[PDB]
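Protein chains in written order, with the deposited numbering: chain H, 393 to 588; chain P, 298 to 464, 468 to 591; chain B, 44 to 138, 145 to 150, 165 to 290; chain F, 1 to 49; chain C, 1029 to 1370; chain E, 1176 to 1224; chain L, 197 to 294; chain X, 5 to 304; chain U, 6 to 306; chain Y, 1 to 176.
Each residue gets a CB set at the ideal place from its N, CA and C atoms; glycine is no exception.
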Amino acid sequence: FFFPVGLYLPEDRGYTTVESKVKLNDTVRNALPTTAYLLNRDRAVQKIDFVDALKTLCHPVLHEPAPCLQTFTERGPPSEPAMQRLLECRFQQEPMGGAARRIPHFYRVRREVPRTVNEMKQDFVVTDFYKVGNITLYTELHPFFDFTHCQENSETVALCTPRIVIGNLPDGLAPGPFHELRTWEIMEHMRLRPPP
Amino acid sequence: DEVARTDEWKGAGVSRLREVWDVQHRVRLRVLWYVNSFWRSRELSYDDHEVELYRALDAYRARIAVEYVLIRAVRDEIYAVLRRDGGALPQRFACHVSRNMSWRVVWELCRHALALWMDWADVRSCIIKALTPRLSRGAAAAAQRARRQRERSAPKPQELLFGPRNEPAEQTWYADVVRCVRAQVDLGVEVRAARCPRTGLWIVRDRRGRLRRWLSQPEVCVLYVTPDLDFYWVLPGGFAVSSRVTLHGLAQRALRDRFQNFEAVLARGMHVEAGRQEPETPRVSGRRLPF
Amino acid sequence: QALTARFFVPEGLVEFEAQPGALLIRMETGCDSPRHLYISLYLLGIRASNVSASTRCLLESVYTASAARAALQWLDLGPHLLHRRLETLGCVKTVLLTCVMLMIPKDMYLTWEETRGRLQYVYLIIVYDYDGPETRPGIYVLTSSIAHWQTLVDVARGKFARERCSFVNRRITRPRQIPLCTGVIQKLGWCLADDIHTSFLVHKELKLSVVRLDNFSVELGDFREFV
Amino acid sequence: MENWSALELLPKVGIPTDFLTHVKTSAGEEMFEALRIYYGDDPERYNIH
Amino acid sequence: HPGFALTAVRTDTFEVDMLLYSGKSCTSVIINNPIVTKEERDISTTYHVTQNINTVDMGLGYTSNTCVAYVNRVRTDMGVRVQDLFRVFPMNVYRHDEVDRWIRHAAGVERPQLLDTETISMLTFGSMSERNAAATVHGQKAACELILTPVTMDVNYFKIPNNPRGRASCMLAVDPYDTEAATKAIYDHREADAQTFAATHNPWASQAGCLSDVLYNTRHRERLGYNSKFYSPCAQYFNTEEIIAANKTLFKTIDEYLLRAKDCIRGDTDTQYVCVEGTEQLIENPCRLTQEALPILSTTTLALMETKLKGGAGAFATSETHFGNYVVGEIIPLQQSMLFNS
Amino acid sequence: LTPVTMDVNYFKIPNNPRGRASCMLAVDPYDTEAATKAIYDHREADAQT
Amino acid sequence: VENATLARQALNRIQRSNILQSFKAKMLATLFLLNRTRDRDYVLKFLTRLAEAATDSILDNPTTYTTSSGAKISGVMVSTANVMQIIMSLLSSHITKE
Amino acid sequence: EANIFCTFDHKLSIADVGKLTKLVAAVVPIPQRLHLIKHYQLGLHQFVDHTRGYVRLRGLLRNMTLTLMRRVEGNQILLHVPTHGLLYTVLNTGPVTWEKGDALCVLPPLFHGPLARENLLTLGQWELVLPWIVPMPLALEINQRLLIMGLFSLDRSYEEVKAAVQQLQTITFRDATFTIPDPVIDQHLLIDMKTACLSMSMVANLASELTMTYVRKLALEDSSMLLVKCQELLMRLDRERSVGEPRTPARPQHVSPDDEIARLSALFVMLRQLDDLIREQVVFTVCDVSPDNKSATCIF
Amino acid sequence: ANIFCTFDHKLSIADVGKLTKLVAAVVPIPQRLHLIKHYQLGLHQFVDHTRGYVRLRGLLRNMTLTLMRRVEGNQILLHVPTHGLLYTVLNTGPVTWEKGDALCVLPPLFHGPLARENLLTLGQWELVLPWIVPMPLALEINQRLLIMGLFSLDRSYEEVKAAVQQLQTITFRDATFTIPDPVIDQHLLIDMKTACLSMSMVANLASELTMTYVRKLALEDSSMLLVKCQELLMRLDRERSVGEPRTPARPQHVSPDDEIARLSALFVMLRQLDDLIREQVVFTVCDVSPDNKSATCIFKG
Amino acid sequence: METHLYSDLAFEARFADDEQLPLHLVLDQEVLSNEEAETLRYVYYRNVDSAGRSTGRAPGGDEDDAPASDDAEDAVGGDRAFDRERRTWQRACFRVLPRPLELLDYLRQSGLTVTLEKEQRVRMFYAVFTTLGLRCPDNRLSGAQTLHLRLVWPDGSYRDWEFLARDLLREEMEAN
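Pasting the structure below:
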């Protein structure tokens, strides 16, 4: 058996089939899914939350991308040669003090920049992000770590980095209004739902 | 009952602890001064005369300067060989060309590229990684083996009929890639090299096996260096400045101790038998138990 | 199959001894007229340092006898010289008693595994601490699934590093005192994984926390010393 | 590796067969082992050593 | 609410009575007279009598079928108690020691327990670090989760039975003895998986290198220190190499299904411990052959569970949705049947 | 009773009014210490809810 | 009687857990079945389940307590007159005076 | 308890049971000491790993249980553990001669040099590898030789240890040459070196002052051939220690019989502690050897 | 499992009567045949002038021992013991026994005594029987004869003569012996010579190799034990070199063929000591007869 | 900490041979990476005089001062330069503590008496402990000597840091 907890429905396709049977209060503590309820061996309700789930959610192995980075370099680059126009990415060490003056010299050239992978991930709308039309799904591996390929010394080397806050999650994995509903949840936790 | 040295060494403790630096101000590390060291009881004398520290600074200057003056030797080697031929370099690398294309601008890009490479040389460059395997013992042994191998006479039919049979497929070069439009050079390029069957020109490839395709890009330029320490400098179009790297102006022992490939001693985790498959490294963990 | 040993035991040691699960050990006394005494291992408990002081107080309050007094004197002569004096004879069958050629105190019993191995050999381990005044002999009884003697000595060195460095500290601090060994491994037999029951014991109207071993097959082992 | 000459040569008791599926599907999907599926007529059963 | 949705999964056992059907004389049995081997103890003697049995199948196809028809007792608890991940990785700690101590104080587990050597695991077969609880009234329990996206469209994916990884991994579709095409079927995201026509449903579970690929692939669990004695419900899904090795023809697939694809769990303890040399029981697993999990009744609010339970029979097959709340319904009325026979 | 405890799953089902399970059939026979830490130790959850 | 659970066998926690589950389920489900329903065949199969649930005696004289027409008595059940009259009016096809 | 039944997931043909029926009274290792066992953990095939450590296989094998192979009958094996003390018979395939009088040990097998790699049992990927039964002096010889390999080779480049072990890995024992396959260093081997260094430090410490100069006395008194070799070794060690002349010894002051008894008894304790690294306990004591050197009757 | 041992020589019935008093005692035989000539029975085949005691201990270590069971008109019924089974052994050893003792077997020291084995002999054959001595007495008498062997070189002085005069006299419960000196005619026997020289040279190579080898392992991960090992060797060097000339110049560089020869030589010279290092127990007693003439002992080995 | 006692004892042991005084060092995240620290095999050191280029070569110059002649057969002096360079380096004792600590507090957890003039609370993520030995030729030592430091990993790569010995002894040696 398997079941989701905390799964977020969209708002643009919002609907309700059961409105005569039930009606809930307008507070988002009932209008944001954060807990679930199942049935026991006997026909009795039970509540599953994150509070029981922290016995798993705070383990160190969920924050270890080193086997993930290892098997990502074993996967290596994308094989298709026309899909290598996305990996261009430079991590070099530059004198900051002269460059702080010299930033007009960067725009002295007339060549554009290649778009990075994380910028190539934000453009996808919420529903087609799981389709094959996306290209950067092979970069998305972990909710806590962004993964990418970069050209360092003319070598396509893989690199992961911790998404430091939850706002670094991509738009296809967490949309905009989801965060606004999270704010309404945190205002109702702080009891400020009428704002000053 | 004599007190064992560990007890009063434990109760002795530390006088003071301070940090120090390297010469180039890149590394800070901390020294520890136990009061119970015999260095305290050795009462040894100390002096620092100024000409001695001046000799230390000149020795350190040469020890830094070895690879940079090697780079300068490479650069005026290029200058001398472009003055030698008159400036009409031939082609050594297999790539087609177009007649209806102005080569003055790629010549200017070559000048700017060698300029930017001189600004952006490094102790870790192509020629240093090229000549580091030359410093090994097996380099001298295989040099003797190749000098008897290629300089071996044509065989008589007797060993063609009854003698055992004979066997140098592709080369392992290193390269600098200087990109002028982005002002970024490259220092460590590993590249495989081979010859075409139809023509004697070179073909370069990735160490995985992918064909290296930068030679088509006109703004870029490249420097190749071989394990036998030859020298190519290729602007786009496959045309190559070709020479050898000169190092007779450098001392033997300074190059030998400044950088050298290292032969390993036996420690925990490796086979006593040579060339066996290595098991996993010890890898003391900050994540697991020490056990 | 059992090898019988009949014993004439005086009444100065019959405290805590009427139960079957008892081990008599023939130690060479300092006095020469008996030349040896069949001490109990629970008397090796009270001398030991690894045990609790509450069980030591129990062993004092149950063994106020001149026989246990003089036996404690004759074992208190030689500093760490017990393995050159102590020599086992096997477990008591029934008490003047019979012996074959099983109860144990909770504190001196120990294990280094999760005791889920089916076959489990049992061993006696003395250790000689020297960071006390002269010598702290710690007695230990160990059940373990290991069978080969030398890897048991290696895991004992892995578990008794404090005793080893205390031994070499005694060697480097007292040159005129020459110690023989840190201790002795000696097996006594083996049990299955199921008969080990942590239970209670009441003897001479006195209370005790015991661990019983039912299907104990006995096999005499040599006093194989170890550092 | 069974002696298929011993199958083709020896007298065999006849049966009304019943495979559940089609028999060539059962051969191509290995319900059994050592499936000799020669087409036509292979005369290799004739020579005896 | 944090920025993800956890999809939990569990294996729940049932004690069932299955019937069997055979034709007339399907298997010819070949028996002999019993042979006695004598052994002598100290007081008694033990005679081991032994009869050999040969069985010869007298059928081309399948002369015998079976069907699970009735369930009478449910040996598990249908609970939501979460799998103790610290009990299965007893060596991995955080790098800074004080924040690790604060985490263990924040959770229920207390200490990093030292694992054993190769010799101790050779002699002693099992660890079983977590001990039997006090009250075991409900029975044994398990629940393990996957950190998946909150964007994941449930109506396609959670209402029907599916593989919980995001990609269909039943090797009946792929050609047999074709490991390359099978790996391209279960790992490649340049093509669509066959169940739902998208690239995947969750990138944190599907492709190799995700959290699930390093958490539940037992080949990948060998890299870190893990306890094998616990049971994973995810172990029948992210075990990629055994799934590739399972790719045979369908008759051989049926053979290994009814011969080797049956799990074994110790039924005495509340934790799902993986049994070994288990001839005392065998837990047959159809979900391994489907490589798909089963949707269970879940809800969001207590009021919507109230209008489900208060409502008439057959309500659990339906699945309604509010504005932000939802009910997924179990596809078979197992709650209905299992409570109605009582 | 504390006025916060859930009625929706505790009061609909036949339960012990004490709060914990205390049925004493899920305990081992003749195990008094496991029994009393099942009854009164609130460091462990009851087997009912 | 639904599972082979004779007193010589030992039980684990899963055993007693499911036994207590069925205990509560059948304590609630059938408390006063003569007020739950007056169904004929339902109380017939209930009485059969009650009858075969008891184990046999050790000694049983087969000559004793046989009826006419060779039928042999397995056991004897007893209620008060009210329940007896309800059963007599309910299951009269399976009752015989002999 | 005693008779241990094993099985096979795969069928045996007539060839498999034919090569199994010549394996009667061969000793196989079992790790579990259980009754209804399975054939994948039978033998050393689950434990064999090249480039992993011979000393690991050695330690696990001396920790493993041993049993005797008798009476296959088709998908059955009937392993029987030998009881301690009673006479049994053995049948070895290890190409090493035996003797009616010596003792035996059990070692992980080496490659002899013909490199057959067929121990007459293979089930698919799974194969059977048999532990070599080796007479006691060859057993302690290979133990001490791997100990010298582990003790010497630390902090050395590959060429000097290669020149050492091309002549150190070879052992010619009774017209048979053997080489050790995997001499790779181990943490367990490091703790053997630890016990070795502590034991030789202790016998360096509490040895008597006369025994530290005894070979000098016997050198000044008598000249024998082994004494000439001993003087060569000791004076080369002295000139590697000190270029000065080693002085003659005089009347020893501290003569005390109880002192010599105590310090040499502790010395014997420490030599036992050092020798129990390499001195393996016996496993078989020969009552009779077959003339074709295939089988034997051994009392254990 | 019984052995027959016949005599080629004429025996009297009085020879049987002086033979049958050794009814249940241990004899050594070199290897087990079903029928064996009596010239292999007993240690008479090995004992001579110029071998010594340690040869007898080493060849006794692998000589298979056999209890005697019965005497017949010409042949002797021997019975080989088995492990764990009880038997009856008579104490022909020179030391009394007590219950619970651990017994080892060592060669006798009164070769050609005043008893002459109670006059049981033959033409150029005296039947000699090994002593069955308790284990602690066995190990201490081995140590005593070994340190007698150390002082056998320096017998010039008189305080060493008083020390070895203490060494001959042994003490035990109602037992005193004069242990025979292994040096005879101002020379040592060859076995004691090689045993003691090998022991002393093992001590020497240990004292001059332990520093470089504890350094070689201490370049790895370190503990307190190797630290105190190095400190102990520093104590030895600071009490050792107080009169030796300074700057001995021990090098950290040394060619490999030296130290592999050093290690193998140390190992073989300690390897030839384990006949006398380990005391392999062979018996323990479960009941002692009165006047300790015999004992029901359980066989070990 | 444990190499410091042993290295002090060993440099006291070998002080008659080489006259090297020991030098206990600790290093942190400011020099090497944690990935470089979790698998660091060993460390090398060599004391170089202000005028003498080694202590393993000959003191009054060396025959390797003649330049490399661009030869194919013997590349740079043959193998004699190579094993002279193997002689010019020396190994040091070495430990790694990967979990973070504070050496004031951590050396208070061990039994030492941490007696510093002021408690500057210095924190580090991983503490690697070693001890080199710098060679005073006679009893007298010069400040213009330098001490090199190799860090060698199992792949074969190395990192090279050197510093002149006066900077270690600015206020330490003038205090005496």
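Top-ranked residue by Cα proximity to residue i, from the options
{"i": "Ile-425/P", "options": "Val-320/P, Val-545/P, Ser-395/P, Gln-471/P", "result": "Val-545/P"}
{"i": "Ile-1063/C", "options": "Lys-1052/C, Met-1046/C, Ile-1081/C", "result": "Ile-1081/C"}
{"i": "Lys-166/U", "options": "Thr-176/U, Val-259/U, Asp-186/U, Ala-107/U", "result": "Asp-186/U"}
{"i": "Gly-271/L", "options": "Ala-250/L, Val-279/L, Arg-204/L, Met-280/L", "result": "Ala-250/L"}
Sub-8 Å separation of residue i and residue j beta-carbons
{"i": "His-14/U", "j": "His-88/X", "result": "no"}
{"i": "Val-1110/C", "j": "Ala-445/H", "result": "yes"}
{"i": "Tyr-1254/C", "j": "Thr-1224/C", "result": "no"}
{"i": "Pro-1192/C", "j": "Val-1037/C", "result": "yes"}
{"i": "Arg-112/B", "j": "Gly-121/B", "result": "no"}
{"i": "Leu-449/H", "j": "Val-1108/C", "result": "no"}
{"i": "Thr-3/Y", "j": "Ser-227/U", "result": "yes"}
Helix, strand or coil at residue i according to DSSP, with G and I counted as helix
{"i": "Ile-556/H", "result": "coil"}
{"i": "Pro-387/P", "result": "coil"}
{"i": "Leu-222/U", "result": "helix"}
{"i": "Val-403/P", "result": "helix"}
{"i": "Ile-361/P", "result": "helix"}
{"i": "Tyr-429/H", "result": "strand"}
Environment of residue i [buried if 16+ CB atoms lie within 10 Å]
{"i": "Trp-404/P", "result": "exposed"}
{"i": "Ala-206/L", "result": "exposed"}
{"i": "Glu-364/P", "result": "buried"}
{"i": "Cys-460/H", "result": "buried"}
{"i": "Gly-61/Y", "result": "exposed"}
Exercise. Mind the definition here: the segment 1071–1078 of chain C touches the segment 1340–1351 of chain C only if three or more C-beta pairs lie below 8 Å; say whether that holds.
Key: no
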